[PDB]
There are 2 protein chains.
Amino acid sequence: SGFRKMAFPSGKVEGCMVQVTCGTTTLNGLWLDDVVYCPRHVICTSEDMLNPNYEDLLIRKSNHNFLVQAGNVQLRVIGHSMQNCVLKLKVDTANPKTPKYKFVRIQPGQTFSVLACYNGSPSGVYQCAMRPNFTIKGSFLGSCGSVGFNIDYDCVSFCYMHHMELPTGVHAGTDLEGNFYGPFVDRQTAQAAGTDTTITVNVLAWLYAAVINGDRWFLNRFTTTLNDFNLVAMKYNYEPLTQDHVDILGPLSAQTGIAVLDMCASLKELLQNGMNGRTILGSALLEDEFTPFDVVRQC
Amino acid sequence: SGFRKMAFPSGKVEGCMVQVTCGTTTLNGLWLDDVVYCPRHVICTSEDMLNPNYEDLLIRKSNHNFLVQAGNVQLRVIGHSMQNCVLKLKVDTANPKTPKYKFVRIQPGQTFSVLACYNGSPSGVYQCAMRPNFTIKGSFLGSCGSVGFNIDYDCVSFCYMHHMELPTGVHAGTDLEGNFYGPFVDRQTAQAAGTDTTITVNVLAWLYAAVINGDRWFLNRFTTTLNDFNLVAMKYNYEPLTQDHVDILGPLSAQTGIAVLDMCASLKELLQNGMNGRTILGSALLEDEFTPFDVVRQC
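As documented in the archive entry, the model was determined using X-ray crystallography at 2.0800 Å resolution.

Per the PDB entry, the recorded name for chain A is 3C-like proteinase, and the organism is Severe acute respiratory syndrome coronavirus 2. Its PDB record names the entry "crystal structure of SARS-CoV-2 3CL protease".

Next comes the structure, spelled out in structure tokens:
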């Protein structure tokens, strides 16, 4: 048994990381087939980032201003294109190591693995969640262009590319078509994230993992209703729970013998009373970075 | 910025995972050069595990009783050997994907990444620490033979192979020469782990990471002495801090402008007063699964 925050194996993604320099700026790129993908602000200096006109800045660049390096080997660029906030460098060479892949736009509250990279080389892997306010609480040191992914069977679902640190120290980025998650733009300006609310369906699934693993102290004699739970939920900045969410927890309810609303009531009491210095699954707070699918696949 | 629990990239290890069946028992093996390494209790049934005579059980096996499968391809075994608690299956084929590697016996309190595997295929990666009592708090579902590793440059330092779950639900295993960490044996019996004490040098380094990342509330007006800290440490089941440990934190002291003993006193006050419902680096407890080297390499 046991329950750890688990990343996907990263080998299929390592073989796709390249380095992209343009001017004095260098960052990570994703080489899939004959296209390298990277943050378009690779064409910006620091002062550029204050207020960039990407079209105007990009017009001043030709194919040969982009230096794409894959390991010690070097790629030739026969075309560049801006798609939203990503630059797409068309190269002459298919990446031999291209895995099966899809581009996916995930939903707030879903999880994925990040291969943090520096100058095109892999440095680390960790598992994180897209917050409800479309930020990531990450470790991004240089790391721009690192990508997030899920892995279904033999196929890599790329869902995130890192672009920036907000003045508030959390991180924002795009899907692999270049559209930011949330209301953020690739400009060094004050931008607000909305209120960082807790992913209720994830906490519940994690409480199930707890039960599956023998941590049962938090289970209480009460029950509750969806409405009355949400009334408590919104008072604690918890995402509202819907009936789709209840449906998603179904397998976990079947395994443990505990109905979703009973668990809901145990969570209510937890929120209203605290944890009394007691831990759950070795944690002193409620964890919301496991989806129901994560718990199932792990357990 | 930001601070996440980071695993090493696992691609170099994925290409080494194979499946080893002998009788009805199947588990993970590590294929390096022309040797497959795996837990010797792959030769045991469940009832065998109650009290196995490994020599006697192994004598009843020839090379052809071992079914080593690497992906969909199949290896031929031209020799088997018991080295302590690991079986070493000599095969006819060098693993083409063999990275540069070393076998290392790590020390209590050091950290490494685990590629949890099932039937020879990679399922996940996470970062963990060898506890002071030589157990691992892991997620081992089937996972026997999964290995732990660090990665220095281009070279994989293999340091751990999983063998068993203790009745207490924590995990024990061996180095890659077959010697268990701790006093555990590969037998399904009651075995005790000693008291699980906290890795003091790791907590301190994590408090430095906190400071580096702007979490500073816990810094106090006090200071203390090594002896008087250890007096507090041993009362809270914290590993004694030595002068080697103080020396290891040196770079972190240089970066932050905070001397080790001042941080020691902030940690004292934390231990004696609690956290007052306040978090550090997004955690409500003191984390001891980052070494000083981890903090440095990340930060």
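Colleague: Teacher, can you tell me more about the pattern of salt bridges here?
Modeller: Counted under the stated rule, the structure contains 22 salt bridges over all chains. A:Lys5 is the salt-bridge partner of A:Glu287, the closest N and O atoms lying 3.5 Å from each other. One salt bridge connects B:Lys102 with B:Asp152, and the closest N-O pair in it is separated by 4.0 Å. In this structure B:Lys102 comes out as partly exposed when scored by relative accessible area, which is 39%. B:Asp152 gets classed as partly exposed once you look at its relative accessible area, which sits at 34%. Residues joined in a network through salt bridges with shared partners are A:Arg4, B:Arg131, B:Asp196, B:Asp288 and B:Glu289.

Colleague: Mind showing me how you'd approach the relation of the copies chain B and chain A here?
Modeller: Relating one copy of the chain to the other requires a rotation about an axis plus a shift along that axis. Relative to chain A, chain B is turned by 180 degrees and slid 0.0 Å along the rotation axis, the superposed coordinates differing by an RMSD of 0.0 Å. Accordingly, the operation relating the two chain copies is best matched by a two-fold axis. The rotation axis passes nearest to the C-alpha of B:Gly11 in chain B, at a distance of 1.8 Å. A symmetric contact is evident, with 100% of the interface residues of chain B recurring at the interface of chain A.

Colleague: I would appreciate a short explanation of the interface of chain B and chain A in the present structure.
Modeller: Interface extent is often summarised as the accessible area lost during association of the parts. At the interface, 36 residues of chain B touch 36 residues of chain A. Counting each side, the surface lost to burial between chain B and chain A is near 2,400 Å², with a carbon and sulfur contribution of 50%. Our count for the chain B to chain A interface comes out at two salt bridges. The partner of B:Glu289 in a salt bridge is A:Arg4, and the shortest N-O contact between them spans 2.9 Å. In this structure, the connection of chain B to chain A is made through 27 residue pairs in polar contact. Taken together, the elements giving at least two residues each to the side of chain B that touches chain A come down to helix 1 (11-14) and strand 10 (121-129) of chain B. Tallying contributions element by element places strand 10 of chain B first for the side of chain B that touches chain A, with seven residues. Broken down by class, the residue content of the side of chain B that touches chain A amounts to 15 nonpolar, 14 polar and seven charged.

Colleague: Would you explain the packing of helix 4 (residues 200-212) of chain A against helix 8 (residues 260-273) of chain A in this entry?
Modeller: Helix-helix packing is described using two parameters, namely the angle between the two axes and the distance between the axes. All names here are of chain A. For the pair helix 4 and helix 8, interaxial distance at closest approach is 10 Å and the crossing angle is 100 degrees. Compared by their axis directions, helix 4 and helix 8 come out roughly perpendicular. Residues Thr 200, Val 203, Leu 204, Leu 207, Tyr 208 and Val 211 of helix 4 touch helix 8, and the partners they reach there are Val 260, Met 263, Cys 264, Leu 267 and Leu 270. For the contact of helix 4 with helix 8, the per-class residue count stands at ten nonpolar, one polar and no charged.

Colleague: Mind showing me how you'd approach the side chain of B:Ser146 here?
Modeller: All names here are of chain B. Within the fold, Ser 146 resides in the loop between strand 10 and strand 11 (147-152). For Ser 146, a relative accessible area of 0% corresponds to the buried category. A polar contact of 3.0 Å, which involves the side chain of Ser 146, links it to the backbone nitrogen of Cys 117. Within the local environment of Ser 146, its side chain forms a polar contact with the backbone oxygen of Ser 143, the two atoms lying 2.7 Å apart.

Colleague: Explain the environment of B:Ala233 here, please?
Modeller: All names here are of chain B. For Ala 233, the location among the structural elements is in helix 5 (residues 226-235). Accessibility expressed as a relative area gives 0% for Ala 233, which makes it buried. Taking C-alpha positions, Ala 233 is 13 Å from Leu 261, a pair spaced 28 residues apart along the chain.

Colleague: I'm lost on the sheet that holds strand 4 (residues 66-70) of chain B in this one. Help?
Modeller: Within a sheet, each strand pairs with its neighbour through backbone hydrogen bonds, oriented either parallel or antiparallel. Residues and elements named next belong to chain B. The seven strands lie next to each other as 5-4-1-2-3-7-6, forming an open sheet whose pairing is antiparallel. Taken across any chain shown, the strands that pair with only one partner, and hence form the sheet edges, are strand 5 (73-75) and strand 6 (77-83). Neighbour to neighbour, the strand axes of the sheet diverge by 30 degrees on average, direction disregarded. Where strand 4 meets strand 5, three bridges bridge the pair, whose relative direction is antiparallel. Along strand 5, the bridge assignment pairs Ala 70 with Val 73.

Colleague: Would you mind showing me how to read the sheet that holds strand 6 (residues 77-83) of chain A here?
Modeller: Residue and element names in this part refer to chain A. Taken together, seven strands build an open sheet; the order of strands is 5-4-1-2-3-7-6 and the sheet is antiparallel. Pairing within the sheet leaves two strands with one partner each, and these edge strands are strand 5 (73-75) and strand 6. Sheet twist, expressed as the average angle between the axes of neighbouring strands with direction ignored, equals 30 degrees. Here strand 2 (residues 25-32) runs beside strand 3 (residues 35-39); their pairing, made up of three bridges, is antiparallel. Looking at the pairing, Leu 32 lines up with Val 35 of strand 3.

Rules and cut-offs
- Residues numbered from 1 in each chain as written, not as in the entry; some residues may be left out.
- Chains lettered and ligands numbered in written order.
- Heavy atoms only, no water.
- Residues with missing side-chain atoms left out of burial classes, pairs and counts.
- Salt bridge = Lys/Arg side-chain N within 4 Å of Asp/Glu carboxyl O.
- Buried < 20%, exposed > 50% of the residue type's maximum accessible area, 1.4 Å probe, protein only.
- Least-squares fit on C-alpha atoms.
- Contact = heavy atoms within 4.5 Å.
- Buried area = accessible area lost by both parts, 1.4 Å probe.
- Polar contact = N/O pair within 3.5 Å; in protein donor to acceptor, adjacent residues only side chain to side chain.
- Helix = DSSP H or I, 4+ residues; strand = E, 2+ residues; numbered from the N terminus.
- Nonpolar A, V, L, I, M, F, W, Y, C, P; charged D, E, K, R; others polar.
- Axes fitted to C-alpha atoms, helices over the stretch in contact; angles between N-to-C directions.
- Parallel < 35°, antiparallel > 145°, perpendicular 65-115°, else oblique.
- Pairing = 2+ DSSP bridges.

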